[PDB]
Structures are given as structure tokens and as C-alpha cells.
């Protein structure tokens, strides 16, 4: 009642969305260095037991469809689910290659009443993206 059951048949899926190159209409710069992030995450989460799948340069529509497909996959024998988003963003929003999508449009795909095989299981999202225009000058 106090710790998640983490001894299922498999740890579960780690899904990495790695957006580096953006359409010209977005005006967003190329995210040089993000391929090193994706590769580090792959080795790291694989050593923790996860199966790992990387997607690169997805449109906003492709991000929603990919995560929707994952929310319909067979998680019953898994401990948990991990999603990593690497992109540009603003508060509450992340960039596809062609434009923005709300983070809640992605996370809501995995809520209890929509993804039954993950009910009661940890759903972890790691989000590398800006959340606004404010600068922290420190102390």
C-alpha cells in the first residue's frame, strides 16, 4: 500500500520524442545537442530495464498519434511507463516540427479512464523545453 509493485514481467516502455529540426514557418532554431541527449537517455533507461523506442522530428499531429498508439498498447505486464519529450516549448506547450501542441493533449491519453493497463501504475514524463521567457540571474 506504500510502494508501487515493481516486479512485473517487464519494467515497461521508455518512449523518447527527439525533435531537432523545425519547419521554417515555426521560426524555431535547430536544437543542436539534442541527439546526444536522446542517445544518453536510451542507454540510461535501458540499463534500468526499460525497452526503449526513439522517435525523431515528429509533427504535432504525429506526436499525438504516436502517444495515442502507445496508450493502446499492452502494458498489463509492465511496471510503469516513461515518456521523454525533447523540444522547444512554452508554458504548457511543446513544439512539433510544424507547430505547438498542449502537453495535456499528450498526458491525458494515459489517464485512468482511458488507459486501463496503466491504472495504478506510475506514468512518468520528462520534459526538456522552455516554459516561458523569464531569466534566472541567481543569487
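Numbering follows the first chain given and starts at 1.
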Higher avg CA temperature factor (85 to 93 vs 72 to 80, as deposited) belongs to 72 to 80
Out of 116 to 124 and 14 to 22, which stretch has the higher average CA B-factor listed in the record? 116 to 124
Determine, from the deposited record, the chain-internal third of the Cα B-factor for residue 46: lowest, middle or highest. lowest
Could you place residue 105 in the lowest, middle or highest third of its chain by Cα temperature factor, using the values in the record? highest
Once the chain's modelled residues are ordered by C-alpha B factor and cut into thirds, is residue 34 in the lowest, middle or highest one? lowest
